[PDB]
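The sequence lines fix the lettering, A, B, ..., with proteins before strands; numbering per chain opens at 1.
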Amino acid sequence: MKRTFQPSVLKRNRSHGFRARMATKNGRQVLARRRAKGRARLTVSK
Amino acid sequence: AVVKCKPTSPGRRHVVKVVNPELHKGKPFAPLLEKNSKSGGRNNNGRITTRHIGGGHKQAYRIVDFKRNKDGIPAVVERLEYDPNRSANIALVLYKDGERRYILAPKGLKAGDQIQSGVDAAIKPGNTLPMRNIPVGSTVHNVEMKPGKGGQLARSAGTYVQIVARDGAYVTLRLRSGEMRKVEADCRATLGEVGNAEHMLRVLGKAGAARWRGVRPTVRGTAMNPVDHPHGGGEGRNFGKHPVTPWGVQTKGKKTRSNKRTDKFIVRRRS
RNA sequence: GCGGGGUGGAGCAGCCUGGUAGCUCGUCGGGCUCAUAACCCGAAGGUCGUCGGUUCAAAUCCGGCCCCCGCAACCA
RNA sequence: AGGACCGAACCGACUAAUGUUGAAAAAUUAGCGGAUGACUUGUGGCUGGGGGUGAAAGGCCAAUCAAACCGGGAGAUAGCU
RNA sequence: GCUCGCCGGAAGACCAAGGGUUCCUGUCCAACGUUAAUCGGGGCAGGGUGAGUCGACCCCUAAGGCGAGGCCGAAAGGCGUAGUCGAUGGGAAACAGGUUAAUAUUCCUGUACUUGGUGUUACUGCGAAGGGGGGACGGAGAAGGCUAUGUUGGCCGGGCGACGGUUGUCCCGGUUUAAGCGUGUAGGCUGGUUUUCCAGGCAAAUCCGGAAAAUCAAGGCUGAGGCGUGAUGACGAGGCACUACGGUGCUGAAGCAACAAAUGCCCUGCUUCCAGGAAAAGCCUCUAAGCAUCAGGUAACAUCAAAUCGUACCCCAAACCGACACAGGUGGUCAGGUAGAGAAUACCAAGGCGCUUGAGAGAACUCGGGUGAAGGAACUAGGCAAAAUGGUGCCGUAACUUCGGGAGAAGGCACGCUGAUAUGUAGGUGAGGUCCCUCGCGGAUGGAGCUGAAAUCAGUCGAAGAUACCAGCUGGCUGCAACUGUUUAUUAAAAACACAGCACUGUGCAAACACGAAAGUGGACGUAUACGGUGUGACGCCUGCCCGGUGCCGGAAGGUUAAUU
RNA sequence: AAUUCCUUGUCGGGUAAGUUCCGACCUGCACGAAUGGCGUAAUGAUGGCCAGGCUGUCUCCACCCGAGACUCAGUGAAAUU
RNA sequence: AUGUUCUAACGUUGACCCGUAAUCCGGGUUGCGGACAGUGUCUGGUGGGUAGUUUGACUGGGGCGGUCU
Ligand SMILES: [Mg+2]
Ligand SMILES: [Mg+2]
Ligand SMILES: [Mg+2]
Ligand SMILES: [Mg+2]
Ligand SMILES: [Mg+2]
Ligand SMILES: [Mg+2]
Ligand SMILES: [Mg+2]
Ligand SMILES: [Mg+2]
Ligand SMILES: [Mg+2]
Ligand SMILES: [Mg+2]
Ligand SMILES: [Mg+2]
Ligand SMILES: [Mg+2]
Ligand SMILES: [Mg+2]
Ligand SMILES: [Mg+2]
Ligand SMILES: [Mg+2]
Ligand SMILES: [Mg+2]
Ligand SMILES: [Mg+2]
Ligand SMILES: [Mg+2]
Ligand SMILES: [Mg+2]
Ligand SMILES: [Mg+2]
Ligand SMILES: [Mg+2]
Ligand SMILES: [Mg+2]
Ligand SMILES: [Mg+2]
Ligand SMILES: [Mg+2]
Ligand SMILES: [Mg+2]
Ligand SMILES: [Mg+2]
Ligand SMILES: [Mg+2]
Ligand SMILES: [Mg+2]
Ligand SMILES: [Mg+2]
Ligand SMILES: [Mg+2]
Ligand SMILES: [Mg+2]
Ligand SMILES: [Mg+2]
Ligand SMILES: [Mg+2]
Ligand SMILES: [Mg+2]
Ligand SMILES: [Mg+2]
Ligand SMILES: [Mg+2]
Ligand SMILES: [Mg+2]
Ligand SMILES: [Mg+2]
Ligand SMILES: [Mg+2]
Ligand SMILES: [Mg+2]
Ligand SMILES: [Mg+2]
Ligand SMILES: [Mg+2]
Ligand SMILES: [Mg+2]
Ligand SMILES: [Mg+2]
Ligand SMILES: [Mg+2]
Ligand SMILES: [Mg+2]
Ligand SMILES: [Mg+2]
Ligand SMILES: [Mg+2]
Ligand SMILES: [Mg+2]
Ligand SMILES: [Mg+2]
Ligand SMILES: [Mg+2]
Ligand SMILES: [Mg+2]
Ligand SMILES: [Mg+2]
Ligand SMILES: [Mg+2]
Ligand SMILES: [Mg+2]
Ligand SMILES: [Mg+2]
Ligand SMILES: [Mg+2]
Ligand SMILES: [Mg+2]
Ligand SMILES: [Mg+2]
């Protein structure tokens, strides 16, 4: 059966990538939180 | 002409077609075309604002001349064309200077007929004049509401206005709705009725024919649950409330006009 | 289980708010008509479901009984 | 010609049996319906939570829906076990 | 290695998306692998991806995103103009053969092509942020013409058979060749050409549009295939020599014709329909400011350049999405034989596999099948399940009907093979010859060969000829919904929802209405034959009484009544 | 009657026998005219009922072919307590 | 307090010019409306459109009936 995760690198990057995060105040707050937590990988960008 | 289809299938049994042999079979005049992509009834917030709009055939927009302000230069009708964007047919006209334009096709207009606009035009179907220059009692269409703005009234298939009176700066019009309205005498109008009066005799015949026209299904409020619509609910077919819109306003008689700015122009409401 | 009703021959008031029975039709007697119906004039006819209670006094107020209407009679 | 007919691909899901610590958190086998259309499908896009979207079943909105998920108010409150 | 079985519109091949070294070699077998493992998509080490032409990037835009200023909003922010991004779409150019363990349109061999720079020559009106053309567009249908492809003959090379027969009307194999460049064909479309004018194309224009005149009739455009060349080559059975016996080396015949034939191509065609079918650039042309012996344009030669990034491998799957080496899911392309209407089905080809526990036995019982005496729904909530029906041609066919239907109604009959008609017919295809021409890829004639139904008559075998696979059960009365469709992903597919039709009612355009503290946006580039709401639900015959209640609509004297004062 | 309690109403049909079905009747507990009335050809994986064929559905099971179960070697669970 | 008339506030989702290569916006000219419309504060009405909540106990189970000083 067709499951929920149907990968597309273009949609991944546009939805959740670094530039998408940077484009809004709330996205920049995500990055700030993740830096503060000390995450190795800030975003899905690869 | 109105033709009833033979019942060779249940979707055809009730179809009634309006077939006009005068209409151009070829492609439209390309310099007067532009794209018009569809909305689904969604505004710039992305939300549905008008329900029941979606799909149907792709359509090019034909630039129609509703202003008719190329005065003093005769034009000849080249051909009548189907316009997907409206009920009336349109006519491609060629002005003597070599310009082509589309106009709404009046009743009786055919290829080779000559038309003209301006103050000194003849009182003949398809000619456009200021209503100051048009006799009282005349039937007109494509009527301007403000001078120079372009025709806004009586543009649907088979429609027309009657000039009932002239009083100084204003003329009184009887509109198709039955309303009596004042309009400035400087406003232009085109003599005659809009053509294609058999438009209203068509019978679509089947559900899919409405889908082709981009109309999506209406679900009755009483078929819903209470959370969805005021009529929703009930064990079985129940109602027991005053009919309302989906947003709760009474929908059988309650008046909704509220425009004190334009009230002065309305001599008598449609009734 | 809970409301309601039993009043001249018929249908219906009067009950609450104790003392007092009305209305329309029917009945009977006289008229009018050749007669009948119509119509006119004059009358008679319910102690009020039954049984008790209460009261100076009960259609009336209270209770039983009988009869006739409703409604209710459910969830596993 | 046709929301025509019969029938593969394709889309679907009417019946039975199996399975039910499954081969599978919805399938398989045998039959079954549509199959030029209100059809089907790829790629991108848009609509956001009392909000969307709904040929309307309270359906669906990431195996979650009579109000998603995540984090916070937060050690809510619990005459109850 | 030999045999056997399985797939073959896939269980073969090639991709994209996704993944990321799983690719190839050596080595190891602890763990991983539902068993063992010397094996591996496992561990370790080394190797492997080569481009002017393929793809990205790049140029151009769609939906949409962002958005200078702007408009709006307590703030955060929202919306949007000029712009700028954004493919799933438009835009230059390469093919055949050979090669690695592992890449190849990338390497090599042969033969091509495209766009730009720069220079010498010869001419010469060039010039855009503007005008115009073009790009550039639907569904269905019907053919003709072709080709891929196959079949058979001929030709060439081999054979003459483990058991009766087999030098033939016999058996096996091969019979292949590109882009490009020349030709301009079947066919499609279109009158040319020259002058004069001119309220148009934001200004001009010689361009486009329009108008009036000559002149003449073939001008042009587009186009599959074929043919020629490319190619005296490449490839080629098979033989021969080595061998590291895995493979390398060497050589090399024939290389044709007829017929059949796509769902491909001509064809973005043509015919027809109504629901009326992207954009922008490249491209072609016109001029404005400007520039003018300068640039610039065009031609011909000559050179130079064409960067960067991807390129292994899987890819209907053990490599992706499903926690698994999971009976699930996953877009595009290729499309051999016989039988067949067929991409169904059966058996096969090329190609690929036997599904990573086996060995015995032959209990009950469970699962999936086969057959069944006599009966024949007696079973059961219910013919649930199974059984049965099934093809093609012909004959034949009821009520009722909206005249289409019902209808494949029902029911029936024929059917293999062999001969004859006719050593292969009707048909299709058509060589040579014979002629004709505005001599071509031309016409007419002509019929050689090739292919080939269908029927009748006569025989003949079997229990049975639609022999398998495949492939409707049928009729009668009745409720409900007109119909096709939609629905509770995962216990409900329905009588529910929708629907064409009907009606009521709002709405005069800055429409009502909806989303939005707003600006705006949808409605709609629509205008009352239009839009929105609500009920009803094809069609036929119809849809009676009640305005007291409760809503709504209208009125507006009187009473009552807010802030205010 | 997708509506009817009483109710398996009553009468007729069909069956040897019919609480279902079909046709009537009218006594409508509690039908009824766009929350439409009554018809209706065609349509339906729609509900009821009847027949022909056909049968392991059944009287009433029998036998066979395979995959398990059973024994052997290897690997090696689970709920529960 | 009505009625008219006016223009000069204010409106314009008329036309035309300009910024400007621009259907935004703004400025200009004009036309048409015009002290109306519309907005702010105050105020009456309406308001399941939406929100927060309430809807007793006893009871030979609960409901229903009855009760409660
Ligand atoms: Mg339209
Ligand atoms: Mg409708
Ligand atoms: Mg519902
Ligand atoms: Mg509500
Ligand atoms: Mg009901
Ligand atoms: Mg069909
Ligand atoms: Mg579905
Ligand atoms: Mg189901
Ligand atoms: Mg199946
Ligand atoms: Mg069908
Ligand atoms: Mg079918
Ligand atoms: Mg879910
Ligand atoms: Mg909530
Ligand atoms: Mg707190
Ligand atoms: Mg707690
Ligand atoms: Mg097959
Ligand atoms: Mg590895
Ligand atoms: Mg390997
Ligand atoms: Mg070992
Ligand atoms: Mg092991
Ligand atoms: Mg390995
Ligand atoms: Mg844009
Ligand atoms: Mg924006
Ligand atoms: Mg800004
Ligand atoms: Mg761009
Ligand atoms: Mg692309
Ligand atoms: Mg390889
Ligand atoms: Mg060929
Ligand atoms: Mg096809
Ligand atoms: Mg490769
Ligand atoms: Mg798998
Ligand atoms: Mg396996
Ligand atoms: Mg699929
Ligand atoms: Mg056995
Ligand atoms: Mg069995
Ligand atoms: Mg059998
Ligand atoms: Mg038997
Ligand atoms: Mg027998
Ligand atoms: Mg029985
Ligand atoms: Mg029995
Ligand atoms: Mg069955
Ligand atoms: Mg069967
Ligand atoms: Mg019935
Ligand atoms: Mg239906
Ligand atoms: Mg259906
Ligand atoms: Mg379900
Ligand atoms: Mg608007
Ligand atoms: Mg309905
Ligand atoms: Mg109905
Ligand atoms: Mg009953
Ligand atoms: Mg009987
Ligand atoms: Mg009956
Ligand atoms: Mg009813
Ligand atoms: Mg009525
Ligand atoms: Mg063991
Ligand atoms: Mg509430
Ligand atoms: Mg609270
Ligand atoms: Mg509560
Ligand atoms: Mg209690």
Side-chain angles (χ1 to χ4, degrees), chain A residues 1-11 23 25, chain B residues 6-14 17 28 30-31 35-37 39 41-51 53 55-61 72-73 82-87 94-100 145-149 152-159 175-177 179 181 184 194 196-197 199-200 203-213 216-225 227-228 230-231 237-239 242-257 259-262 264-266 270:
Chain A
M1 304 155 65
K2 185 181 187 169
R3 299 301 185 188
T4 53
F5 183 54
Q6 297 302 324
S8 164
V9 177
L10 181 62
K11 290 168 71 171
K25 169 206 80 84
Chain B
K6 290 198 171 172
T8 53
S9 52
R12 283 289 278 193
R13 175 177 290 284
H14 298 300
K17 294 165 61 156
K35 82 178 202 77
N36 85 138
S37 60
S39 62
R42 294 160 167 69
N43 70 346
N44 55 0
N45 292 355
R47 301 284 197 72
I48 297 176
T49 51
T50 304
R51 296 183 313 166
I53 298 175
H57 207 291
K58 189 173 201 177
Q59 309 175 320
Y61 186 68
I73 308 168
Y82 182 86
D83 185 352
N85 303 282
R86 63 193 74 263
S87 55
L94 173 64
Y95 285 84
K96 272 190 185 174
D97 58 7
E99 186 174 349
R100 286 180 175 77
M145 292 184 89
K146 295 186 181 289
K149 186 174 174 178
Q152 288 182 275
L153 308 174
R155 313 196 319 184
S156 190
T159 61
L175 307 183
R176 283 287 296 173
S177 65
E179 187 179 275
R181 205 215 189 251
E184 289 166 66
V194 181
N196 198 27
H199 167 73
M200 63 179 185
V203 177
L204 296 191
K206 64 167 187 169
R211 304 303 305 273
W212 302 336
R213 290 173 166 80
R216 296 189 80 245
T218 298
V219 182
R220 286 171 299 112
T222 190
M224 301 184 183
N225 298 305
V227 75
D228 305 306
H231 293 179
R237 297 190 183 118
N238 280 351
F239 202 77
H242 301 311
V244 291
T245 66
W247 305 276
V249 179
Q250 197 271 16
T251 191
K252 290 281 181 178
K254 190 193 198 320
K255 288 177 163 58
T256 65
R257 173 180 170 78
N259 192 329
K260 293 171 161 174
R261 178 173 66 69
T262 61
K264 61 180 69 72
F265 299 118
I266 316 304
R270 68 181 185 287

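B:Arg181 and B:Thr262 share no side-chain donor-acceptor pair at under 3.5 Å.
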Note to self: Dot-bracket for RNA chain G, please. Rules: Watson-Crick or G-U, both distances under 3.5 Å, ( ) within the strand, [ ] when a pair crosses earlier ones, | for another strand, . otherwise.
What the structure shows: .........(((.((((((.....)))))))))......................(((..||...))).

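Backbone-only engagement by B:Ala223 is indicated by non-hydrogen atom pairs under 4.0 Å involving sugar-phosphate atoms exclusively. B:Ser9 comes within 4.0 angstrom of sugar-phosphate atoms only, judged by non-hydrogen atoms across all strands, and of no base.
Residues that satisfy the side-chain contact (heavy atoms from CB on, under 4.5 Å) test with B:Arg176, not counting sequence neighbours, are B:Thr159, B:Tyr160. Residues passing the side-chain contact (heavy atoms from CB on, under 4.5 Å) test with B:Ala60, sequence neighbours excluded: B:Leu33, B:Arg62.
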Notebook entry, point to check: Quick one: what's the B/S/- string for nucleotides 57-69 of chain E, heavy-atom cutoff under 4.0 Å, read 5' to 3'?
Noted result: -----SS------

Next item on the list: Scan nucleotides 40-52 of chain D nucleotide by nucleotide, 5' to 3', and note B when protein non-hydrogen atoms come under 4.0 Å of the base, S if they reach only the sugar-phosphate, - if neither.
Entry: ----SSSSSS-SS

Notebook entry, point to check: With the sugar-phosphate defined as primed atoms, P, OP1 and OP2, and the base as all remaining atoms, what B/S/- string results for nucleotides 33-41 of chain G, 5' to 3', for protein heavy atoms under 4.0 Å?
Noted result: SS--S----

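Rounded to whole Å, the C1' atom of F:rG36 lies 46 Å from the corresponding atom of D:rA62.
Here B:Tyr61 lies parallel enough and close enough to stack on the base of E:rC525, with planes under 30° and ring centres under 5.5 Å apart. Residue side chain B:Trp247 fails the stacking definition with respect to E:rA514, as its ring centre and the base's six-membered ring centre are not both under 5.5 angstrom apart and under 30 degrees in plane angle.
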